[PDB]
4 protein chains.
Amino acid sequence: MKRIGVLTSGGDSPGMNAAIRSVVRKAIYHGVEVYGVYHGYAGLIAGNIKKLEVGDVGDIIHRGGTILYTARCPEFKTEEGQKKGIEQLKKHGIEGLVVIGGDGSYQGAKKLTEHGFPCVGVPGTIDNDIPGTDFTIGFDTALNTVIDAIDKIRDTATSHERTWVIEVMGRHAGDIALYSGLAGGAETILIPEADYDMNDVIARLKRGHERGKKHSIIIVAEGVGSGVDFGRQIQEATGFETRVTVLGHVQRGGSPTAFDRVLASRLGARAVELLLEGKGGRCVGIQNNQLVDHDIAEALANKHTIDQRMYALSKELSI
Amino acid sequence: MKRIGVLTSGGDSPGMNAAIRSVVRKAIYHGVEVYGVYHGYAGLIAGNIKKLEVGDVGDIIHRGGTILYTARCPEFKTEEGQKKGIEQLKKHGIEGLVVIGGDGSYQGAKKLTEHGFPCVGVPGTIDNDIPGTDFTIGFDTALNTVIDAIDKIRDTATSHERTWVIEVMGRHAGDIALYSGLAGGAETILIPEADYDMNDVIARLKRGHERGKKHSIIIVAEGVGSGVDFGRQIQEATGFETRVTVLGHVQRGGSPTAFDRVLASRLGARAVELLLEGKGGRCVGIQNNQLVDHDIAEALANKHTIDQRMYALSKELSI
Amino acid sequence: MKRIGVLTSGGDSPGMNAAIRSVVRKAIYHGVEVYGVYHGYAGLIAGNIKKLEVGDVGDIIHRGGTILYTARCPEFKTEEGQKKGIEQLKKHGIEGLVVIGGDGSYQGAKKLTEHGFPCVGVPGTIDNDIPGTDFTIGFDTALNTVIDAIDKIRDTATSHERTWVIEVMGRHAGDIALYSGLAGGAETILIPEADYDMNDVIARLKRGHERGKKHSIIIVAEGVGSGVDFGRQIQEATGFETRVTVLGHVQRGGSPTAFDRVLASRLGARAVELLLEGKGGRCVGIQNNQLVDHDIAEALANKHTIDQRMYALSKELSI
Amino acid sequence: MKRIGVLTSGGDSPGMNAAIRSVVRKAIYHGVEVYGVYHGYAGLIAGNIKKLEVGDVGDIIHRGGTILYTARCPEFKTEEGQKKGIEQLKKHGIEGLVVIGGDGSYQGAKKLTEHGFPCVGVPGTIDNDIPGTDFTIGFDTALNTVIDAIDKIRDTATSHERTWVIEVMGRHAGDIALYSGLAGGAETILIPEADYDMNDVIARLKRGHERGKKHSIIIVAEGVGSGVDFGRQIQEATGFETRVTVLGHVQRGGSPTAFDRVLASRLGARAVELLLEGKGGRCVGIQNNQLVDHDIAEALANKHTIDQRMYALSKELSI
Ligand SMILES: O=P(O)(O)OC[C@H]1O[C@](O)(CO)[C@@H](O)[C@@H]1O
Ligand SMILES: O=P(O)(O)OC[C@H]1O[C@](O)(CO)[C@@H](O)[C@@H]1O
Ligand SMILES: O=P(O)(O)OC[C@H]1O[C@](O)(CO)[C@@H](O)[C@@H]1O
Ligand SMILES: O=P(O)(O)OC[C@H]1O[C@](O)(CO)[C@@H](O)[C@@H]1O
């Protein structure tokens with residue numbers, strides 16, 4: 001290919017920029033031009049495409065968000081829509097396209113491909129739940145943002161011997177919850193992937209109470225409910241003072257950590273490769289510490305599961 | 001003196017441990033024994049006191065919160081209950097008490113003195129609302145956890161061209177906001193110290209939209225309502241995709257920044273200084289960049305304010 | 001005043017931006033086109049002056065360094081160059097100027113006022129060695145970067161019961177060293193503004209090591225010597241395991257801390273007000289929590305000096 | 001088994017405590033009571049033991065260093081010492097043992113075993129230079145600590161157009177330097193695992209300084225020489241002012257990132273499981289995101305290497 005493109009759709013996440021720079025340079029290294037697609041798919045259809053000069057991506061490897069922006073486009077859900085984009089692409093000479101974002105980005109990746117247009121997806125989401133990859137760009141950066149709050153909230157959670165409930169993110173996934181909570185010495189972690197009996201969860205609270213430790217920290221994935229509620233439920237069931245904190249989009253910003261800047265660069269570059277190599281309709285990820293690339297279709301077919309043994313661990317490591 | 005105790009009442013802030021250490025150290029440097037009145041005034045009644053050794057308050061200078069704990073206590077706001085207070089101090093041979101906390105702690109220091117117990121107060125609250133001190137221990141730290149969150153949020157707020165409403169603490173004061181907002185370059189800071197107007201805001205909030213900047217950050221001093229409400233408000237009035245984030249208690253925990261460590265050590269050291277110099281019914285606080293002494297009563301009679309000129313600058317600079 | 005300029009000369013410092021931002025924004029608020037001279041006075045000669053828009057300075061309030069770039073240039077010390085300087089100044093129609101940077105620039109700020117051209121200076125530097133202000137842009141940020149490192153070191157030093165000697169910057173000034181350790185928890189702070197007897201330093205580390213603390217953090221202001229040397233002299237006299245760590249320009253960068261961003265804003269805005277209020281040859285700064293402004297003359301006549309009362313403190317809380 | 005011991009030998013790293021934590025909790029949860037051996041093998045020999053109460057490992061899962069302490073100890077390399085230890089252990093009813101640390105401690109791990117003693121390894125070191133694992137407790141934290149420093153240096157390096165050299169640790173391994181550079185975006189990384197023509201290097205820099213790449217950052221693993229040398233050496237041949245910073249031991253301290261807490265917890269209790277699951281003379285680790293365990297012997301017999309692909313990747317993403 002002579003020139004390819006890059007766009008980021010879905011919720012932004014820390015590291016996408018790394019991935020952007022990776023893609024841009026790695027491409028520029030093989031003497032390929034990279035055009036930037038602004039405002040995710042929406043801009044694709046709108047025809048928002050500016051040539052990305054090597055100058056543009058240097059100096060942002062350490063930045064949160066996406067210099068390319070990312071919107072939500074409904075039009076890009078219909079033939080007539082995808083087509084109007086597949087043309088705007090050709091309009092500028094573009095021959096392939098790199099997509100960085102959530103699983104919704106893949107839907108387009110696939111369709112766009114089913115129309116005879118080379119598209120690879122790079123997993124970029126703090127939720128850590130795109131299939132075909134153990135981690136996603138932004139996960140370590142969110143997990144670290146969270147455990148960092150769990151640490152600050154633990155200082156004061158101890159000071160007033162209060163019981164705490166942090167509300168994380170990762171929608172229908174318990175990853176930012178599990179990994180995080182474990183990482184924080186969370187007395188209990190509530191995630192989708194596994195069942196929890198709110199009664200027992202309140203029994204141990206009373207138990208671990210007698211044991212001397214009056215401050216407890218409950219980590220709840222927003223996927224299984226709402227901290228706010230769980231808060232009141234615990235305060236009334238027990239009697240222990242209680243506060244509730246919903247971190248928020250803070251789990252979406254900030255400069256990315258080591259692991260995410262690397263992963264972003266390795267995957268981002270591993271995408272430019274699959275295109276120039278002819279392959280299309282592929283998604284790049286990392287499994288068992290190894291760069292893998294799958295079929296967006298057979299890839300989405302799978303489910304997102306967590307390591308139950310970890311949820312288990314976190315249970316035995318807090319009594 | 002011979003023996004002097006220390007306690008932390010009210011909401012814990014970053015820098016108390018620092019101030020504690022500075023007391024436990026400054027006093028020992030004068031052969032004065034100290035004591036920990038644990039769990040705020042709750043212990044001063046319960047008799048939860050202990051001896052503090054220089055090896056105890058050492059290595060805790062960087063820790064958020066208070067080792068001595070804190071908790072509310074109504075029995076003390078009375079008299080019949082505060083009588084067991086002076087006694088739990090007598091029986092132990094304590095002569096002077098160093099109080100660290102909010103405007104509410106000062107009370108248990110204004111009454112104890114008017115009872116024959118030298119008491120000194122040390123501003124330890126993130127709100128920055130204590131009278132008789134430009135800055136209270138914890139402020140700069142909290143004030144920093146806030147801007148460190150504004151920075152992650154502007155990330156995801158810039159990538160999605162969204163409008164934001166940040167809910168910052170500080171109860172009835174607008175310091176944690178006016179400052180952070182200004183620091184984090186917000187487009188609008190709403191504090192109880194100044195009359196705003198959603199009509200004037202939504203007017204400027206829009207001009208900036210069409211002008212060029214499609215994302216805005218709105219810091220709201222939790223003392224003017226809720227963010228959620230302004231969120232849903234900004235939303236309905238503009239159609240603008242909006243989100244709200246309530247940082248919350250994270251602003252209370254964390255490792256104190258440099259400025260609180262230095263202040264918590266200077267104030268806990270100027271406080272102990274008085275419990276020796278004799279006068280024991282005062283409270284310390286850095287005023288005009290100088291350590292000053294104040295009559296717990298002649299100071300608490302004052303009202304905390306903000307630098308209008310500073311708020312007026314947030315107006316000019318942000319537009 | 002209808003079109004002022006803004007350049008930065010000297011070592012960059014986390015904050016210079018919050019200020020450039022503040023300068024421009026403020027200026028525009030008053031209808032005064034703002035141009036930026038790149039690479040300090042050096043560029044002023046070259047005529048490296050470009051117009052600045054409110055957009056240019058949008059989203060840099062939280063970045064370190066100076067987007068305006070900085071650089072040395074002896075030229076501007078010889079009036080032959082100063083002559084070439086006023087040239088580029090009126091060549092582009094620049095009436096007034098705002099110098100951000102170390103004191104090495106102040107000199108050039110005064111001179112320009114003599115050639116009949118406005119010139120206000122903004123104290124920007126991590127050393128905190130500019131007369132006329134208690135704090136300079138970059139101090140608190142740098143002052144922080146350090147303590148973050150002492151916290152880190154303290155861990156590795158503790159587990160290995162080792163004696164350490166960190167080396168902070170600040171030229172001939174001791175500020176960075178002083179506030180660092182004090183908040184850092186150092187046992188010794190060697191600064192230029194105070195005398196020390198290495199014999200005493202050993203006498204302490206050798207007495208403390210005999211007691212409970214089997215590790216210490218010796219902060220050494222780069223201005224008095226080199227940590228690599230005291231680290232040698234110390235591991236010789238005491239025979240204690242020792243390591244020396246020299247914090248580099250990691251102190252020169254980072255993202256301005258709360259206190260810093262604000263100060264920069266305040267000092268930068270007030271910088272524009274002066275130029276317009278017809279003043280000149282002055283220089284803003286903060287003294288006694290008040291926004292002051294002196295003449296670049298009567299100021300430099302004064303001399304920067306740490307607060308001994310704090311050093312003696314740094315010594316007392318140690319023992 | 002009813003009683004086991006845990007010890008930290010070798011250079012401390014962030015996460016060791018978190019790892020201690022699980023080895024203590026996982027034990028308690030299984031009835032086994034765990035005795036903590038302070039000061040590594042040196043402490044074993046001296047008989048420094050103490051029962052680890054469940055409340056001891058409480059609130060340390062976010063701390064650096066090792067609550068246990070570490071030291072180097074030749075006496076254990078001799079036959080006289082290994083016998084002194086087998087004796088001290090069997091004196092306090094110790095049946096198995098937990099050893100966390102570098103490849104050094106692994107030795108004694110394998111020793112104690114031959115002398116009939118169940119010991120399990122746990123990769124603890126920021127070097128990531130230990131065999132039988134893709135990662136070691138500390139790598140990640142040191143990895144960010146490095147990239148955070150590179151982000152600051154990039155600021156001043158940029159403001160002044162300075163070519164920079166950063167000397168990172170890792171003894172003989174190039175892991176820290178590889179990932180750091182790759183993730184900090186170093187224009188050139190130098191390591192022990194791959195040759196480098198210090199000529200080509202210069203050549204590239206000489207080409208960038210012309211292509212607006214007026215500033216670069218070189219990462220030198222310490223096991224490839226001193227950055228101070230390469231520093232002056234680059235300045236000499238090119239002429240661009242250069243600066244060198246040796247992060248020193250700030251790479252060893254500070255609180256551990258999310259990952260390291262997850263890995264340590266996972267590994268610790270995984271070691272504990274082996275002591276009970278009747279194993280021994282083995283070492284746990286994480287290869288290909290799988291908690292596998294190996295024999296301390298055949299494992300140490302193996303060698304450590306880096307991923308050439310990354311280095312190559314690091315050379316393309318930089319020009
Ligand atoms: O406000 P938004 O943009 O819809 O994002 C909320 C959701 O998106 C994410 O931020 C990313 O998927 C999730 O963590 C969360 O459930
Ligand atoms: O949950 P609590 O105990 O009311 O504490 C939160 C409140 O207290 C403070 O932390 C201190 O006054 C405020 O900032 C805040 O409004
Ligand atoms: O980065 P340079 O140009 O070598 O200068 C180092 C000196 O400049 C400063 O960064 C600022 O004065 C000092 O801290 C230090 O002594
Ligand atoms: O001065 P020390 O404590 O021996 O440490 C230097 C070596 O130890 C480590 O800190 C840990 O192995 C390495 O980074 C380095 O090679």
# chains A, B, ... in the order shown; residues from 1 in each chain; ligands from 1
>>> closest_atom_pairs(of="chain D", to="ligand 4", cutoff="7 Å", atoms="only C-alpha atoms and all ligand atoms", output="JSON lines")
{"residue": "D:11", "atom": "CA", "partner": "ligand 4", "partner_atom_place_in_ligand_line": "11 (C)", "distance": 4.7}
{"residue": "D:125", "atom": "CA", "partner": "ligand 4", "partner_atom_place_in_ligand_line": "11 (C)", "distance": 6.0}
{"residue": "D:126", "atom": "CA", "partner": "ligand 4", "partner_atom_place_in_ligand_line": "11 (C)", "distance": 6.1}
{"residue": "D:127", "atom": "CA", "partner": "ligand 4", "partner_atom_place_in_ligand_line": "12 (O)", "distance": 5.7}
{"residue": "D:169", "atom": "CA", "partner": "ligand 4", "partner_atom_place_in_ligand_line": "14 (O)", "distance": 4.4}
{"residue": "D:170", "atom": "CA", "partner": "ligand 4", "partner_atom_place_in_ligand_line": "14 (O)", "distance": 4.1}
{"residue": "D:171", "atom": "CA", "partner": "ligand 4", "partner_atom_place_in_ligand_line": "16 (O)", "distance": 3.0}
{"residue": "D:172", "atom": "CA", "partner": "ligand 4", "partner_atom_place_in_ligand_line": "16 (O)", "distance": 6.8}
{"residue": "D:249", "atom": "CA", "partner": "ligand 4", "partner_atom_place_in_ligand_line": "10 (O)", "distance": 6.4}
{"residue": "D:252", "atom": "CA", "partner": "ligand 4", "partner_atom_place_in_ligand_line": "10 (O)", "distance": 6.2}
>>> write_last_selection(atoms="N, CA, C and O atoms", output="PDB file, in the first residue's frame")
ATOM      1  N   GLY D  11      18.612  -7.094  46.368  1.00  0.00           N
ATOM      2  CA  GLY D  11      18.146  -5.721  46.279  1.00  0.00           C
ATOM      3  C   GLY D  11      16.624  -5.633  46.292  1.00  0.00           C
ATOM      4  O   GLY D  11      15.951  -6.249  45.445  1.00  0.00           O
ATOM      5  N   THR D 125      12.720  -8.200  41.978  1.00  0.00           N
ATOM      6  CA  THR D 125      13.853  -7.378  41.549  1.00  0.00           C
ATOM      7  C   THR D 125      13.386  -6.447  40.448  1.00  0.00           C
ATOM      8  O   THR D 125      12.580  -6.843  39.620  1.00  0.00           O
ATOM      9  N   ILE D 126      13.869  -5.212  40.421  1.00  0.00           N
ATOM     10  CA  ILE D 126      13.425  -4.324  39.359  1.00  0.00           C
ATOM     11  C   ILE D 126      14.130  -4.669  38.070  1.00  0.00           C
ATOM     12  O   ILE D 126      13.740  -4.202  37.006  1.00  0.00           O
ATOM     13  N   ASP D 127      15.164  -5.499  38.164  1.00  0.00           N
ATOM     14  CA  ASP D 127      15.942  -5.877  36.995  1.00  0.00           C
ATOM     15  C   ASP D 127      15.248  -6.753  35.959  1.00  0.00           C
ATOM     16  O   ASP D 127      15.568  -6.669  34.772  1.00  0.00           O
ATOM     17  N   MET D 169      18.968   1.729  35.386  1.00  0.00           N
ATOM     18  CA  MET D 169      19.572   0.546  35.982  1.00  0.00           C
ATOM     19  C   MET D 169      19.295  -0.773  35.282  1.00  0.00           C
ATOM     20  O   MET D 169      18.976  -0.807  34.095  1.00  0.00           O
ATOM     21  N   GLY D 170      19.430  -1.855  36.059  1.00  0.00           N
ATOM     22  CA  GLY D 170      19.209  -3.216  35.579  1.00  0.00           C
ATOM     23  C   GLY D 170      20.457  -4.093  35.507  1.00  0.00           C
ATOM     24  O   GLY D 170      20.493  -5.067  34.760  1.00  0.00           O
ATOM     25  N   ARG D 171      21.471  -3.755  36.299  1.00  0.00           N
ATOM     26  CA  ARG D 171      22.746  -4.471  36.319  1.00  0.00           C
ATOM     27  C   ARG D 171      23.204  -4.959  34.955  1.00  0.00           C
ATOM     28  O   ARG D 171      23.735  -4.184  34.163  1.00  0.00           O
ATOM     29  N   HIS D 172      22.985  -6.240  34.678  1.00  0.00           N
ATOM     30  CA  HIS D 172      23.416  -6.836  33.419  1.00  0.00           C
ATOM     31  C   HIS D 172      22.335  -6.998  32.352  1.00  0.00           C
ATOM     32  O   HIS D 172      22.633  -7.295  31.185  1.00  0.00           O
ATOM     33  N   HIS D 249      18.807   5.205  42.392  1.00  0.00           N
ATOM     34  CA  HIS D 249      17.896   4.277  43.057  1.00  0.00           C
ATOM     35  C   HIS D 249      16.448   4.697  43.252  1.00  0.00           C
ATOM     36  O   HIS D 249      15.742   4.085  44.050  1.00  0.00           O
ATOM     37  N   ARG D 252      14.194   1.954  42.482  1.00  0.00           N
ATOM     38  CA  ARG D 252      14.016   0.840  43.408  1.00  0.00           C
ATOM     39  C   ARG D 252      12.893   1.084  44.404  1.00  0.00           C
ATOM     40  O   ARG D 252      12.269   0.139  44.887  1.00  0.00           O
TER      41      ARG D 252
END
>>> interface_residues(of="chain B", to="chain C", cutoff="6 Å", atoms="only C-alpha atoms", output="ChimeraX atom specification")
/B:25-26,144,183,258,261-262,288-289,317
>>> residues_around(residues="residue 301 in chain D", least_positions_apart="2", cutoff="12 Å", atoms="only C-alpha atoms", output="ChimeraX atom specification")
/D:103,106-107,110,130-132,294-299,303-304
>>> write_last_selection(atoms="N, CA, C and O atoms", output="PDB file, in the first residue's frame")
ATOM      1  N   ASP D 103      18.256 -13.495  41.623  1.00  0.00           N
ATOM      2  CA  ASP D 103      18.794 -14.825  41.361  1.00  0.00           C
ATOM      3  C   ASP D 103      19.779 -15.200  42.451  1.00  0.00           C
ATOM      4  O   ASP D 103      20.138 -16.363  42.596  1.00  0.00           O
ATOM      5  N   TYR D 106      17.970 -17.124  45.118  1.00  0.00           N
ATOM      6  CA  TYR D 106      17.567 -18.418  44.585  1.00  0.00           C
ATOM      7  C   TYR D 106      18.603 -19.466  44.980  1.00  0.00           C
ATOM      8  O   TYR D 106      18.258 -20.590  45.346  1.00  0.00           O
ATOM      9  N   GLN D 107      19.875 -19.089  44.914  1.00  0.00           N
ATOM     10  CA  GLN D 107      20.946 -20.003  45.279  1.00  0.00           C
ATOM     11  C   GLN D 107      20.556 -20.638  46.603  1.00  0.00           C
ATOM     12  O   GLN D 107      20.096 -21.774  46.656  1.00  0.00           O
ATOM     13  N   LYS D 110      18.019 -23.030  46.640  1.00  0.00           N
ATOM     14  CA  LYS D 110      18.401 -24.378  46.228  1.00  0.00           C
ATOM     15  C   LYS D 110      19.285 -25.064  47.256  1.00  0.00           C
ATOM     16  O   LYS D 110      19.299 -26.288  47.350  1.00  0.00           O
ATOM     17  N   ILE D 130      15.729 -12.209  36.234  1.00  0.00           N
ATOM     18  CA  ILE D 130      15.625 -13.552  36.802  1.00  0.00           C
ATOM     19  C   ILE D 130      14.961 -14.536  35.839  1.00  0.00           C
ATOM     20  O   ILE D 130      13.984 -14.194  35.175  1.00  0.00           O
ATOM     21  N   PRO D 131      15.494 -15.771  35.745  1.00  0.00           N
ATOM     22  CA  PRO D 131      15.001 -16.850  34.877  1.00  0.00           C
ATOM     23  C   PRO D 131      13.762 -17.597  35.372  1.00  0.00           C
ATOM     24  O   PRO D 131      13.535 -17.718  36.577  1.00  0.00           O
ATOM     25  N   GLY D 132      12.977 -18.110  34.427  1.00  0.00           N
ATOM     26  CA  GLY D 132      11.770 -18.856  34.767  1.00  0.00           C
ATOM     27  C   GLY D 132      10.514 -18.005  34.888  1.00  0.00           C
ATOM     28  O   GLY D 132       9.503 -18.437  35.455  1.00  0.00           O
ATOM     29  N   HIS D 294       8.848 -23.707  38.272  1.00  0.00           N
ATOM     30  CA  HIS D 294       9.983 -24.512  37.829  1.00  0.00           C
ATOM     31  C   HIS D 294      10.889 -24.955  38.974  1.00  0.00           C
ATOM     32  O   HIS D 294      10.672 -24.606  40.138  1.00  0.00           O
ATOM     33  N   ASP D 295      11.913 -25.725  38.618  1.00  0.00           N
ATOM     34  CA  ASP D 295      12.892 -26.208  39.581  1.00  0.00           C
ATOM     35  C   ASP D 295      13.969 -25.133  39.699  1.00  0.00           C
ATOM     36  O   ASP D 295      14.502 -24.672  38.690  1.00  0.00           O
ATOM     37  N   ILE D 296      14.281 -24.732  40.928  1.00  0.00           N
ATOM     38  CA  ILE D 296      15.286 -23.700  41.160  1.00  0.00           C
ATOM     39  C   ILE D 296      16.581 -23.998  40.429  1.00  0.00           C
ATOM     40  O   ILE D 296      17.294 -23.083  40.023  1.00  0.00           O
ATOM     41  N   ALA D 297      16.867 -25.287  40.257  1.00  0.00           N
ATOM     42  CA  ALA D 297      18.086 -25.749  39.598  1.00  0.00           C
ATOM     43  C   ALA D 297      18.090 -25.595  38.079  1.00  0.00           C
ATOM     44  O   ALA D 297      18.815 -24.763  37.537  1.00  0.00           O
ATOM     45  N   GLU D 298      17.304 -26.407  37.383  1.00  0.00           N
ATOM     46  CA  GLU D 298      17.265 -26.311  35.932  1.00  0.00           C
ATOM     47  C   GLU D 298      16.892 -24.893  35.509  1.00  0.00           C
ATOM     48  O   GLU D 298      17.261 -24.445  34.420  1.00  0.00           O
ATOM     49  N   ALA D 299      16.170 -24.188  36.378  1.00  0.00           N
ATOM     50  CA  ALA D 299      15.750 -22.817  36.101  1.00  0.00           C
ATOM     51  C   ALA D 299      16.951 -21.878  36.118  1.00  0.00           C
ATOM     52  O   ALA D 299      17.154 -21.108  35.186  1.00  0.00           O
ATOM     53  N   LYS D 303      19.281 -19.207  31.049  1.00  0.00           N
ATOM     54  CA  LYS D 303      19.792 -17.841  30.925  1.00  0.00           C
ATOM     55  C   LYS D 303      18.674 -16.862  30.584  1.00  0.00           C
ATOM     56  O   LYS D 303      17.611 -17.266  30.116  1.00  0.00           O
ATOM     57  N   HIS D 304      18.920 -15.577  30.819  1.00  0.00           N
ATOM     58  CA  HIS D 304      17.929 -14.537  30.540  1.00  0.00           C
ATOM     59  C   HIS D 304      18.280 -13.783  29.268  1.00  0.00           C
ATOM     60  O   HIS D 304      19.449 -13.483  29.019  1.00  0.00           O
TER      61      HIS D 304
END
>>> closest_residue(among="D:187, D:241, D:222, D:277", to="ligand 3", atoms="only C-alpha atoms and all ligand atoms")
D:241
>>> residues_around(residues="residue 283 in chain C", least_positions_apart="2", cutoff="12 Å", atoms="only C-alpha atoms", output="PyMOL selection string")
chain C and resi 97-103+105-107+109-110+113+118-124+130-133+136+267-268+270-275+279-281+285-286+291-300
>>> write_last_selection(atoms="C-alpha atoms", output="compact mmCIF listing (two decimals), in the first residue's frame")
# COMPACT_ATOMS: atom_id res chain seq x y z
CA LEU C 97 7.43 43.14 26.60
CA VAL C 98 7.11 40.47 29.30
CA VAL C 99 10.21 38.50 30.34
CA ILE C 100 9.61 35.15 32.01
CA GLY C 101 12.65 33.31 33.35
CA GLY C 102 15.63 33.43 35.66
CA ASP C 103 17.26 36.61 36.96
CA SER C 105 17.10 37.77 32.05
CA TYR C 106 16.00 40.52 34.43
CA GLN C 107 19.16 42.38 33.50
CA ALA C 109 14.57 43.33 31.08
CA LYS C 110 15.90 46.49 32.73
CA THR C 113 13.36 49.80 29.64
CA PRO C 118 8.36 48.59 28.41
CA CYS C 119 9.44 45.46 30.28
CA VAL C 120 7.99 43.53 33.20
CA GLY C 121 9.68 40.42 34.49
CA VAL C 122 8.07 37.25 35.77
CA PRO C 123 10.07 35.16 38.23
CA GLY C 124 10.26 31.74 36.64
CA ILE C 130 15.17 35.68 42.17
CA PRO C 131 14.96 38.74 44.50
CA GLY C 132 11.61 40.43 44.96
CA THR C 133 9.45 37.38 45.49
CA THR C 136 9.24 31.69 41.68
CA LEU C 267 1.92 36.69 38.08
CA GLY C 268 1.44 36.52 34.34
CA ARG C 270 -0.56 41.11 36.61
CA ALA C 271 2.35 41.32 34.18
CA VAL C 272 0.02 42.56 31.44
CA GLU C 273 -1.80 44.98 33.72
CA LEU C 274 1.50 46.73 34.44
CA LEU C 275 2.57 47.15 30.83
CA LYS C 279 4.62 51.23 34.15
CA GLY C 280 7.84 49.59 33.04
CA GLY C 281 11.22 48.29 34.18
CA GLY C 285 6.44 38.53 42.32
CA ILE C 286 4.79 37.29 45.51
CA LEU C 291 0.90 40.36 44.69
CA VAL C 292 3.71 42.92 44.62
CA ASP C 293 5.85 44.54 41.96
CA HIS C 294 9.16 46.39 42.25
CA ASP C 295 11.64 48.06 39.89
CA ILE C 296 14.16 45.63 38.35
CA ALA C 297 16.72 47.88 40.03
CA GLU C 298 16.03 48.39 43.74
CA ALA C 299 15.11 44.71 43.70
CA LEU C 300 18.38 43.13 42.49
>>> select_by_dssp(residues="range 69-244 of chain C", states="alpha helix (DSSP H)", output="ChimeraX atom specification")
/C:79-91,103-114,139-159,175-184,198-208,227-237
>>> residues_around(residues="residue 48 in chain D", least_positions_apart="4", cutoff="7 Å", atoms="only C-alpha atoms", output="ChimeraX atom specification")
/D:37-38,43-44
>>> decode(residues="range 186-197 of chain B", atoms="C-alpha atoms", output="mmCIF file, in the first residue's frame")
data_model
loop_
_atom_site.group_PDB
_atom_site.id
_atom_site.type_symbol
_atom_site.label_atom_id
_atom_site.label_comp_id
_atom_site.auth_asym_id
_atom_site.auth_seq_id
_atom_site.Cartn_x
_atom_site.Cartn_y
_atom_site.Cartn_z
ATOM 1 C CA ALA B 186 -11.597 25.639 33.842
ATOM 2 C CA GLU B 187 -14.064 27.699 31.802
ATOM 3 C CA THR B 188 -16.276 28.257 34.840
ATOM 4 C CA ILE B 189 -15.795 28.054 38.605
ATOM 5 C CA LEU B 190 -18.895 28.161 40.801
ATOM 6 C CA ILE B 191 -18.377 28.955 44.464
ATOM 7 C CA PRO B 192 -20.631 30.014 47.366
ATOM 8 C CA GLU B 193 -18.604 33.228 47.700
ATOM 9 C CA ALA B 194 -19.969 34.668 44.459
ATOM 10 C CA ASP B 195 -23.333 35.103 42.734
ATOM 11 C CA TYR B 196 -23.340 33.181 39.454
ATOM 12 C CA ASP B 197 -26.209 32.636 36.991
#
